[PDB]
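Chain by chain, the residues run as shown.
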Amino acid sequence: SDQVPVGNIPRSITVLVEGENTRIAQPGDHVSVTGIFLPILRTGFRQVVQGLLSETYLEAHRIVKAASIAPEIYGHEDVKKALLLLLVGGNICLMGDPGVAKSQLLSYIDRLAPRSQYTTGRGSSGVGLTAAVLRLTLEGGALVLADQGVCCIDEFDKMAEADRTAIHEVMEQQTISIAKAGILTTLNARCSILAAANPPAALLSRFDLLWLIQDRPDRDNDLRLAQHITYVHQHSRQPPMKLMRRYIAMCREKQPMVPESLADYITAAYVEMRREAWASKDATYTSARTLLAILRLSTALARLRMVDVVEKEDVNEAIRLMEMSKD
Amino acid sequence: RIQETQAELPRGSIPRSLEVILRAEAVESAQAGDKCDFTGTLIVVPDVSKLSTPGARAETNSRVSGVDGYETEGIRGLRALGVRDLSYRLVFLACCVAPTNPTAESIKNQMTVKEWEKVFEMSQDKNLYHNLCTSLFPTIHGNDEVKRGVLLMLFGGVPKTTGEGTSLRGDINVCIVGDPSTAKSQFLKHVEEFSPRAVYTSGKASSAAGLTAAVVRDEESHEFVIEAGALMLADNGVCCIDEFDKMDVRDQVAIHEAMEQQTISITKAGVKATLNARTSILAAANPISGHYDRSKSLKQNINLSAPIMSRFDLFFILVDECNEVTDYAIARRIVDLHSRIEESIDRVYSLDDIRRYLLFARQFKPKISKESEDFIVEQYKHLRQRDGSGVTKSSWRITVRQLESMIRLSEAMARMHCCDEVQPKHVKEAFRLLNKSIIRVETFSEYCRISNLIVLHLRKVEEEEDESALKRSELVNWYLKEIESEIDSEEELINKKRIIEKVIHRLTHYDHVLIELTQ
Amino acid sequence: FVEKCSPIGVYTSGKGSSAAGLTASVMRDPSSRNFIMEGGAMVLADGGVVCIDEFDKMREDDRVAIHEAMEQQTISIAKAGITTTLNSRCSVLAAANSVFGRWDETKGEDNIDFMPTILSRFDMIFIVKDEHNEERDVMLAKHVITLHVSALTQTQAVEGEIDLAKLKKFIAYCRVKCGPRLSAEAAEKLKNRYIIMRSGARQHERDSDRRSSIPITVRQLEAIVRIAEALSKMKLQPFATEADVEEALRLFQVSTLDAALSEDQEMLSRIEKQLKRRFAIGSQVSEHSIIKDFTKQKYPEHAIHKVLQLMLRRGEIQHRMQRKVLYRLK
Amino acid sequence: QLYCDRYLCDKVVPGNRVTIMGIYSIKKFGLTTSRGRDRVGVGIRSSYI
Amino acid sequence: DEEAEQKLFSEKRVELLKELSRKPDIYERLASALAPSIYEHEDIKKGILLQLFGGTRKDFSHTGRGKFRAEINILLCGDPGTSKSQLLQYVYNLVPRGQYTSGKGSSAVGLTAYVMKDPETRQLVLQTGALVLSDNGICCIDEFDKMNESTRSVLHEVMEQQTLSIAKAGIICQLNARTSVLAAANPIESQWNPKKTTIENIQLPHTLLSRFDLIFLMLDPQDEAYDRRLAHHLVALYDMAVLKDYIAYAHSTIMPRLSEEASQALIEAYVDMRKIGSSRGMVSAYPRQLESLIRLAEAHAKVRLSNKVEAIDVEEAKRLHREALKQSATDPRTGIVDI
Amino acid sequence: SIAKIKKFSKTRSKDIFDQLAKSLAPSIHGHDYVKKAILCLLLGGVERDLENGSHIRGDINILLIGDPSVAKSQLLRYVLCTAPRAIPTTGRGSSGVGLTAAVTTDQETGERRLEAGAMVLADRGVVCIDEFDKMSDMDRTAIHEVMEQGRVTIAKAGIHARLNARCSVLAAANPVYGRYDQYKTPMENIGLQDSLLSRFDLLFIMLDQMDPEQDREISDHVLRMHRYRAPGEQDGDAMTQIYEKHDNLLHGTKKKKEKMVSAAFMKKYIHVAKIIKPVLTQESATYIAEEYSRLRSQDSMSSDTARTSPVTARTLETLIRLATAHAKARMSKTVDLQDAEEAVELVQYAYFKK
Ligand SMILES: Nc1ncnc2c1ncn2[C@@H]1O[C@H](COP(=O)(O)OP(=O)(O)O)[C@@H](O)[C@H]1O
Ligand SMILES: Nc1ncnc2c1ncn2[C@@H]1O[C@H](COP(=O)(O)OP(=O)(O)O)[C@@H](O)[C@H]1O
Ligand SMILES: Nc1ncnc2c1ncn2[C@@H]1O[C@H](COP(=O)(O)OP(=O)(O)O)[C@@H](O)[C@H]1O
Ligand SMILES: [Mg+2]
Ligand SMILES: [Mg+2]
Ligand SMILES: [Mg+2]
């Protein structure tokens, strides 16, 4: 999109790929190709101009494809920790008032992730999600492309109901099922979803973590935000990714395990938590899904520490994060 | 074209389609919609566009090579060696076509002596009216009115034409509306099983082109051929429509066109044609709320357009009783079906005998006797007088269409009993059935009667005199004076006085029917 | 008659016509990629007159487009890969019906459903009523029957009628030939009168304590200017005179101010307010008593009769067996 | 079907009511064979004015 | 395919299974062996097992009634924070000829069959959909609430007549769709609000609801013992062949039948159910529930490897029917579930 | 489709934007604030990019609400005539598909192709939306993507793209009650959600006050314009210096002491100013931040009047953008305090009403 002139549309080219170069690139990837530019003599329907016309194509010979998260945005440190945990791995939703930069966090997440997709609303609605048949081969949408990656969705509440049902299916079941005239398939989508929205029981019941961002007009916080924004606009750099990608890749290689003893402690905590939730009649949801989310967060933190056995600090930090999100 | 039947289908498989070819005399038979056995040969015929990839092919055995300037290249070499692609398809040639299971004089001659004996034995039985009800519907409990209506629709009336070029309907249409689980689809399924030419369709499953007809081009000649829809295959038969409310409004418009004109007009692909659709329609519909509302008329309980509503001859309404003893009587039958798979049935006539008798009976065209004219006139007069204000509101309102329906039902009864003329028994039966189909709205009558009497008195006072009028006390005294010959004691008199005073207060203040003025 | 008289004229109703819309539309031909535009009733006329019946029945899209069509005389349509601006220089002559079906004088406002925005674009507004005149009906009937009789023989109703062809050609000639502009002396008088009219309108709004449904804006001043210019053009003159502006202001008053100010109506409102309190619900009053009571107050009898007729139309008043005494209902 | 040559072009807009004086003729593009799956008509040349 | 052939040469296994069947607790053991990684919900697993066994496929063509549905359709209504989805996944992965649909993702034409033309040859007039491929199998429907009325119209005929009728241009046919349905549903508010009644919470037409054999109202009691057991099990998460052979043998070797005692027990159960369900607020009863009771009794008879249905089977079926709807705890005159 | 500019700018400084605002359109009477805002659109802000690929918007957006006959459409038409890339798109004239873009399957090849809408064609340009209130909700949700980031994301199975749509928007919408009600708060009259209001940089409310002297002035101006005739055309007929020559009627006898700028020089100067790239100074950053905090605290102090638009994080960017636009107006190298003061005056006027 950077190289397109003013008011025009991106142009396309066709590449042919040989033996070992085959199976290197996947749809949606950014690639650099070393190739030879050659024509093809065309024989077919008659044309206006006499002579020898041809079609061009490219023959390839080589194809080549805590830390600070979005340091430009001030505040939201706990949300940034939760985002780090979601990137590392073992579904996060943000609801906020307008004027708080929720879209920019999703943009940063899309840029950071190796496999990622970013959707803005009705522009990618329908066939942009799921998949469709084209001349026959089946081509997938954003959810299919982001398989084993992270997906980002903006203005979630404005989406059509069908898209929301598909998103719920992806979050819970992790596969898509399509049964329409001409299509009868099940698609694999092992991707984690980050969603943004404006101010429901569905989000609380289905999602794992919800972050509510309320703009309370405190003078000190607003003044510091103004100072940070002026610094950003003037010096074009925050006040004083490859390493982050390599660190995440090294981290995901390991898989910690839960010992037998700590279970009792965890069990106790869970019970007590639910008891408190039963004491506070204004509370809304506690279920085994919350315990599963806590276990997954603790395993992710243990993976961050590269420890073989889950430890106490990870469980405490997961409990604190869930408490902060709920409050 | 022929198709594999449903009974031969394996698991999860679409029926197989085959092409059959008729030569010379056998060409006549095997009309569309039949279910027939073929006897012949299985023969291989070449095809053209089967092989998108190269396959088996022919060539010549001569050891011939090319010469310079005439080298056997692609096209010239293939043409020189006479190479042909070996592609084939399977085609069936038929030499014998028979019905799988087999002009009144012709029908009589076709039947054997034993079949005619059985037909005559059936003919002179009054229990034919009763036993046919139980034979076709052994398992369904109760609802004998619906069984009688379905039988009358099956036998049908007589079509006629007038001297002005108009035509009069001879068919009967039936609709059933009921609460859930009142065996409503069982009647449709039983009629589909019994009838030889019947099509059962759901509301949303059948498309517009699925009904009516389609036009396609002939394979060899320049002419065109017509693919028959559900209504055309059910011509002079019965068409069953379940979930009648789910049909699209424009599909309902097409259905109403077929019901009124009894003709389908096609103007497509350079072909203009008119085809006959003399079908009788049996339809099932659900109430809007899923249950019948006893406090509202029929027009307020169903989402159907007025024209098609008026076209239907008979409407039947089924309501489930909550805790009557019938719950026992129903259960005894249902388990009897599960405990006794086939031994719990006491049919009087086999279905084939019934079909033969129906085929013989449909040929008759009875006339209308002289006394029947006056009897029908007086019965219609009584039916219309039933609509008077002296009784509660009814679901229907009676028009001339009810008179024509009565005539059609009389003709159907005469056809069923094979008599040569319409006689008062059939008229009485049709009158009885049409009255029993009508259901009165239940919410009151006494209040309405008192209000009407008061209105009549006040308006007579207003119209008869330009002088002064009376007051409330005068009205009460007048009504009591008129009742004086009807109340024997003071207690009843005072109770009725209190009741009428409260009723008058309600009329003046709540209903606003009567106006009150000061001195 | 306007449609026939004007050199270019289109007669339409609300929602367009049988097979022609009121505004233009744009489509793309899929086989051969061409941007096709369908002529509407407004685009088909340029410099002509568009007569519009049933102004109330218009659809939403046409209603929005007609705002620009009336104001800037252009329509703007944008679709995928195309943006176009079409010219529509039409004069508008519209007819409409009452909200209740017939006019109700005492109700004053709320008899017109149009919002003030669309009503602002009009230059002059006329209100016509079925006025009771016993001796005028005889003249109307005689005129109608005389027309019916004389239509068969001679088309010479008036001595000095301009022939339709001559009138058409003369109108075209005057429109094409020259164009006039105002004069400063008349301009200052027009300014003074316009300021006075605006002041009176504001005073009326403030005193009546209700927003006027037919406002007086700059567009009405330009409308008076345009009417004076048209009167000047009718005589081929390059500059108008005081008399033209005086006639224009007379017409503008008679139409617009009588429409917007809709003592007779206020006095009828006073009578209605008095009667509503005096009338006892569920009681009878003799018409003679009401007539005496209001004539002792020295109000005209015709106003009382009209108020009683309007109440009869609404249904609050009913006659007894003898029409001498009425009673009140709701 | 009508044939217009030289200055007669663009003198008529679709929708106009016209009176036309002309010569009744047939097209002449050689003795071509009939086409399509319908070949009933024999010796028929398309006509025009 | 293999059931229709005499390949039970393993007389050792036959004897072992026939001896196992005589043991009393085997029923519960089967409910225990159906899913090792699933929680204390034994009633749900028992219902799924009875679904697996299925009712007897009687022949009623001579009667003229038509086909009689011999299979079991089950519904699970509850909050999203439960394990119904895992149950559907396990049933899909366990049984051959299984299909899975979810909410609005499927259309009315996507099911049944649709018109096609071959990309390789000239024509292939009709192609089967999701339901027909599930013939003699299991179809698992999730997010049943979001499905439109157009697809529910198809489901109405599929769930009862076991057949489909298609009438389009040049295509008139009847197909077999002998499937068994496992449906999942959510409350309208995504919470089981106790102030609203059961019918108001579910928000489905009674015609659709009546055809389900069993309805499981998943509710959260917040018991401490439940919390401790589930937490311990879930954290601790950090013979199949014998079951397969037994299920195949029972499914392919025995035809259940019932005597007059079972008949009268069924009739008594039916009238009692009608008495209980008469009150408004709760799901009313219909005659199809009698057939559902018959099917469950026949499945339970199959479990015990018995050709004769005893009163024990009918009583167990009645117990399951009563417990699934939670009619015992539910207030009969207000339609509100209590604890 | 140099010395003069340098001398004029260096000599005038503040008088540059003063005269440009005053001489924007003689055909329109008064409304200095709206003329200033339109000039700010014409000059615009500065697009900025950083290391992480972050994008910061630099365009301005305005919404005008007023009584009928306040010449909003005249302003829109003038901006269409003057701006280089200007496209008019009314409320129901164009739908959501024709605004941004669409995807079509090419029958000739079977591929997927992109067709650009109104906003994509108007890259670095102006889109004018008359009768903005009649636009449907979904179209405004679609316009959100263009108004926030300036890009359009498009996707259908087989193709997906991010098209550039950096643009500025004018919009005019009628009040819900036909005429603006004085007593009711502006929130009831506007009838728009807070998110959409935050999307716009400026809100303006225009009223037709019937003051006799104001009406006299309006009548004088209108009739002076009406009586005017083009020089060189005979009466009664049918149908470059930096400063415009004085006219007896178009300007008046009193205005002889001042002059108006010619249109051609105005366009040349606007283009040159749009080219110039100013920079923000340290003096004004703290000043603007303190005033933003002052406004967000005054939120409690403004008790006698209501607020037209909510104050969010976008307000600070709007302040900086207006400051940079004013710095563009007078050719220089850095943003000064006077531009910040002018921006703050505009914000104070637009954001609150009596
Ligand atoms: N905490 C913050 N730090 C820096 N900039 C912010 C912050 N919050 C908001 N912003 C600015 O405000 C704007 C918010 O717009 P956007 O993120 O599109 O809102 P939303 O995502 O709610 O639609 C962004 O351009 C961003 O530069
Ligand atoms: N009166 C009855 N006699 C016998 N069986 C009945 C009766 N009423 C209902 N049933 C049984 O209940 C079921 C009713 O379902 P169905 O008729 O399909 O309902 P609907 O047609 O209203 O959708 C049938 O399977 C039938 O066996
Ligand atoms: N301030 C003003 N200066 C000059 N003319 C004006 C002014 N305000 C209104 N007008 C006149 O009033 C008319 C208003 O029409 P229009 O611009 O369509 O109003 P709106 O856009 O509010 O509907 C214009 O023709 C214009 O000549
Ligand atoms: Mg955003
Ligand atoms: Mg049914
Ligand atoms: Mg305007």
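Here's the deal with the interface of chain A and chain E
- On the chain E side, the residues contacting the 36 residues of chain A number 32 residues.
- Contact between chain A and chain E buries roughly 3200 Å² in total, counting both sides, with carbon and sulfur atoms accounting for 58%.
- Joining chain A to chain E, the criterion identifies four salt bridges.
- Across the pair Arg275(A) and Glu224(E) runs a salt bridge, and its minimum N-O distance is 2.7 Å.
- Counting across the interface, chain A meets chain E through nine residue pairs in polar contact.
- Among the elements of the structure, α4 (161–172), β9 (175–180), α5 (201–206), α8 (260–279) and α9 (288–305) of chain A are those that each provide at least two residues to the side of chain A that touches chain E.
- For the side of chain A that touches chain E, a count of residues per class yields 18 nonpolar, nine polar and nine charged.

Examining the UniProt feature "domain: MCM" in chain F
- Sites flagged by UniProt as "domain: MCM" map to residues 16–223 of chain F.
- Taken end to end, residues 16–223 of chain F is 35% helix and 25% strand, and its first and last C-alpha atoms sit 30 Å apart.

Details of the interface of chain E and chain B
- Counting from both sides, the interface comprises 48 residues of chain E and, opposite them, 47 residues of chain B.
- Surface buried jointly by chain E and chain B totals about 4600 Å² across both partners, of which 56% is contributed by carbon and sulfur atoms.
- If you look at where chain E meets chain B, you find three salt bridges.
- Of the charged contacts, one joins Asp320(B) and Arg274(E) as a salt bridge, the two residues approaching to 3.2 Å between their closest N and O atoms.
- Taken together, the connections running from chain E to chain B amount to 18 residue pairs in polar contact.
- Broken down by secondary-structure element, the contributors of at least two residues to the side of chain E that touches chain B are β4 (124–128), α6 (149–161), β6 (163–168), β7 (171–176), α8 (206–210), β10 (257–258), α11 (260–277) and α12 (288–303) of chain E.
- Per element, the largest residue contribution to the side of chain E that touches chain B is six residues, and it comes from α11(E).
- Within the side of chain E that touches chain B, the residues separate by chemical class into 17 nonpolar, 17 polar and 14 charged.

Some details on the pattern of salt bridges
Residue and element names in this part refer to chain A.
- The final tally for this structure, using the stated rule, is 106 salt bridges over all chains.
- As a salt-bridge pair, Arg206 and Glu172 come within 2.9 Å of each other at their nearest N and O atoms.
- Exposure remark for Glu172: the relative accessible area of 27% places this residue in the partly exposed category.
- Close ionic contact of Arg296 with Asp208 constitutes a salt bridge, the shortest N to O distance being 3.2 Å.
- The partly exposed category is assigned to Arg296, whose relative accessible area is 41%.
- One salt-bridge network, held together by shared partners, links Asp78, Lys81, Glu317 and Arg320.

Thoughts on the site of ligand 1
- Near ligand 1 there are 15 residues, and of these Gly99(A), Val100(A), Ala101(A), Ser103(A) and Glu317(F) occur at the shortest range.
- At the site occupied by ligand 1, nearby residues are drawn from chains A and F.
- For ligand 1, an oxygen atom lies 3.2 Å from a polar atom in the side chain of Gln104(A).
- With respect to ligand 1, the side chain of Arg314(F) contributes an N or O atom lying 3.3 Å from an oxygen atom.

What to know about the site of ligand 2
- Around ligand 2 lies a shell formed by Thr139(B), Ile140(B), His141(B), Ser181(B), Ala183(B), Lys184(B), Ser185(B), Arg65(E), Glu160(E), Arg211(E), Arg288(E) and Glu291(E).
- Taken together, the residues near ligand 2 originate from chains B and E.
- Measuring from a nitrogen atom of ligand 2, one finds a backbone N or O atom of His141(B) at 3.3 Å.
- In the environment of ligand 2, an oxygen atom lies 3.2 Å from a nitrogen or oxygen atom belonging to the side chain of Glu160(E).
- Protein burial of ligand 2: of its 560 Å² of free accessible surface, 88% is covered by the chains.
- Of all the elements in the fold, those that place two or more residues in the shell around ligand 2 are α6 (184–194) of chain B together with α12 of chain E.

Things to note about unusual backbone geometry
- Phi at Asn236(B) is positive, roughly 55 degrees, even though this residue is not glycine.
- Residue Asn236(B) is classed as partly exposed on the basis of its relative accessible area, which comes to 44%.
- With phi around 65 degrees, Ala71(F) is a residue other than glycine that occupies positive phi space.
- Exposure remark for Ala71(F): the relative accessible area of 30% places this residue in the partly exposed category.

Let's talk about the packing of helix α4 (residues 128–136) of chain B against helix α11 (residues 351–361) of chain B
All names here are of chain B.
- Two elements in contact, α4 and α11, have axes whose closest approach is 11 Å; the angle formed by their N-to-C orientations is 130 degrees. Here α4 is positioned oblique relative to α11, judged by the angle of their axes. The way α4 lies across α11 gives a crossing that is left-handed. Counted together, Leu128, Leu132, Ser135 and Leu136 of α4 and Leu351, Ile354 and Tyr357 of α11 form the full contact between these two elements.
- Looking at side-chain class alone, the contact of α4 with α11 contains six nonpolar, one polar and no charged residues.

A few points about the sheet that holds strand β4 (residues 92–96) of chain A
All names here are of chain A.
- One open sheet holds the five strands; their spatial order is β5-β8-β11-β4-β12, and the pairing between them is parallel. Looking at which strands have only one partner, the edges of the open sheet turn out to be β5 (116–119) and β12 (209–213). On average, each strand axis in the sheet is tilted by 10 degrees relative to the strand beside it, whichever way the strands run.
- Pairing of β4 with strand β11 (residues 192–197) involves four bridges; the strand directions are parallel. Paired with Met95 across the bridge in β11 is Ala197.

Conventions we followed
- Residues numbered from 1 in each chain as written, not as in the entry; some residues may be left out.
- Chains lettered and ligands numbered in written order.
- Part of a larger assembly, values for the part shown.
- Heavy atoms only, no water.
- Residues with missing side-chain atoms left out of burial classes, pairs and counts.
- Contact = heavy atoms within 4.5 Å.
- Buried area = accessible area lost by both parts, 1.4 Å probe.
- Salt bridge = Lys/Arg side-chain N within 4 Å of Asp/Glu carboxyl O.
- Polar contact = N/O pair within 3.5 Å; in protein donor to acceptor, adjacent residues only side chain to side chain.
- Helix = DSSP H or I, 4+ residues; strand = E, 2+ residues; numbered from the N terminus.
- Nonpolar A, V, L, I, M, F, W, Y, C, P; charged D, E, K, R; others polar.
- UniProt positions renumbered as here; feature names shortened; annotations may be inferred.
- Buried < 20%, exposed > 50% of the residue type's maximum accessible area, 1.4 Å probe, protein only.
- Near = heavy atom within 4 Å.
- Areas by Shrake-Rupley, 256 points an atom, 1.4 Å probe, with all protein chains shown as cover.
- Axes fitted to C-alpha atoms, helices over the stretch in contact; angles between N-to-C directions.
- Parallel < 35°, antiparallel > 145°, perpendicular 65-115°, else oblique.
- Left-handed = near helix turned anticlockwise from the far one by under 90°.
- Pairing = 2+ DSSP bridges.

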